[PDB]
Structures are given as C-alpha cells and as structure tokens.
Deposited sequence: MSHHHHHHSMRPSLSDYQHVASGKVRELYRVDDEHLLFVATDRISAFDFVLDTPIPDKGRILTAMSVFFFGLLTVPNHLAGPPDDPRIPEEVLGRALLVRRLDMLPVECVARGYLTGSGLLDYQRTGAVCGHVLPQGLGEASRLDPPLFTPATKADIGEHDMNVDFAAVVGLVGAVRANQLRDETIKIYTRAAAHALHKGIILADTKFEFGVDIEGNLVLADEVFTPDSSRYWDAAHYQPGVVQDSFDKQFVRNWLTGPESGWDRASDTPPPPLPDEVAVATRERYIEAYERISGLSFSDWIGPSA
C-alpha cells in the first residue's frame, strides 16, 4: 500500500522532471518520460525513459564516493506506485545557486565562448582547438539559471565566489572535476564518452556539501559513442540523434528555424528507448529488465 502522488505537495517542475515535498526533511525526485530536443519539450514521450534515467543515476551515485541526497532505496515505501522506478526519496538540502559543469571536450556554449573570445568561464585555452576537441584537464565551466525558457548563463570563477564564498567556490570546482573525471573514465572503459556534465549541490545541516541532482544521465551529460569519436566534427548524440535527424529531416514537415515541433513517429520513440537501455546496460553492467517498475 504505497501512498498516492496526490498525497504530496508539488514544489517544482522542470522540462522533464518534477519535485514533491514528502515531509519537512524529504522530497520525492521524479523523472518523467518527456524528452527535449532543440530546447523544445516534445509532444511524444519516450517509453521507460524516466525509469532508465533513474536507474542510470542510481548506478552513478553508487560509483561515486561523495555524499549524495538519496534518502532511501528505489523501492522505498514512500514512493507511489505510479512513479515506481522513476522516483527517488531524497533529503532536503539548502541548494547552492550554481550549475556546476565539467567539460572534458569542447562543444556547445563552451566551444562558442572559445570561438568568440579564446576563453571559457575565465579559462584561457590553447589556440587551435575546435568542435569536440579533447580538453585536458577537464574544465570547470559554471553557469547560472536565467529566466524560464532561457539558457543558463556561463560565468567565471569570480562569479561563483560572489555567489557562495571563496572557500566553497574552490570546493565546488574541485569536487565537480573529481567526480566528472571518475565517471568519465568509467564510461570510456565501457565504450561511452561523457563529454561534459552538469551537477547541482546542496548543503546539509552540518555545513557539508552534498551532491543533489540527477547525475550523469543523458539529460545532464552529453553521451557520445567512443568508437566513433572524431575530433573536428559534431558528434552524434548517443541517445537523441534519431529524434534530431527525423525532426530536421524531410518527413517531419518542420523547419527548425521557424516553432513548436510536431509529434515523433512511434518507431523513433521505440528506437530511442532502445538507445537509452543500451547506454544504461553498457555503463552499469546491469540488466534494465531487473530495474523496478509499476
């Protein structure tokens, strides 16, 4: 007899996730089956996507030695049946207002900042880099949230200091790079490049830094197939390239430059689910058929 989701108070919504209050010290972190492409939440859900990404996140939390916000098992009785397998019970933290990003490779807004200025978030880089260039060491490229529907804004280290304090800023930088390095090496051993990743942290009652997000999902991180890694061109999205190709192809009737995109073919949604499962099983060495559900 699990509680109903309606027993809990909705406190936040993101593009493809939701957050509920369970009691004064706990929340329910819910992944949905919604998928985003080209900054649009698409009309068509991906079956099992919320469960697969939750499974991925749980695997990576277990791999990392840093404190995290998980407060119970994936089958915790406080989790409603409706969201079983795609929701986790978590401890309430005081969240730090920094999107902590690590980049092991140069792409997206990092590449654009470099092409415009020669630097990214305060880091002056070597000349001659380009799309999907490897960065060593990985860069800490923090960002801040903007208005609803707007992209996060890249900021430099001084901005992080101004937001959270000098010592805490150093801690965020160091932990973000350490965590990314560990996860990226694990994934690469399994044939997947984690090109970059985005974390949020919070602080507990005792002042301790706690990892408090989904971690190393394909929504929070760029997944690439290592076997096809080719510096100098845009890498395929391991999980979303079918979706991107169909939307921008001749069958969609949609022009990306002009705006809400049409629904996806059922076949594209099913193929996409397969890509998520493939990524999960390769990285975790586990079978998704063993992951809990309703």
If a residue lacks a C-alpha atom here, it counts as unmodelled; so which stretches of the deposited sequence fall into that category? 1-9, 268, 305-306
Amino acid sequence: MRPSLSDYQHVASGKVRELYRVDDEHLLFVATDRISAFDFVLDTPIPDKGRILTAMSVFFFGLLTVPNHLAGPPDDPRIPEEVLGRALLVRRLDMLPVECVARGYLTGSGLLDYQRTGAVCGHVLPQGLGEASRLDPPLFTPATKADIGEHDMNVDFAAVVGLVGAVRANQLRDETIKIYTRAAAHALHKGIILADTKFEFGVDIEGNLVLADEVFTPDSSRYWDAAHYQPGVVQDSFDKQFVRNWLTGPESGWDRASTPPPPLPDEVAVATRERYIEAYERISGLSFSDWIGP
From here on, numbers count along this sequence of modelled residues.
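Superpose the two forms; the largest set of C-alphas matching within 1.5 Å is the rigid core.
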The stretch that moves more in 9 other deposited structures of this protein, judged by RMS C-alpha distance from this form after core superposition, 190-198 or 147-155, is 147-155
May I ask you to compare 203-211 and 88-96 by their mean CA B factor in the entry and name the higher one? 203-211
Would you tell me which stretch averages the higher CA B-factor in the PDB entry, 163-171 or 79-87? 79-87
From 57, 65, 237, 230, which pick has the Cα B-factor that tops the rest in the entry? 65
Between 73, 138, 110, 128, which one tops the list for C-alpha B-factor in the PDB entry? 128
Mind checking which third residue 35 falls in for C-alpha B-factor across the chain? middle
Third assignment of residue 134 from its chain's C-alpha B-factors: lowest
Lowest, middle or highest third: which one holds residue 222 when the chain's residues are ordered by CA B-factor from the entry? lowest
Can you work out whether the C-alpha temperature factor of residue 244 puts it in the lowest, middle or highest third of the chain? highest
C-alpha B factor of residue 149, ranked within the chain: lowest, middle or highest third? highest
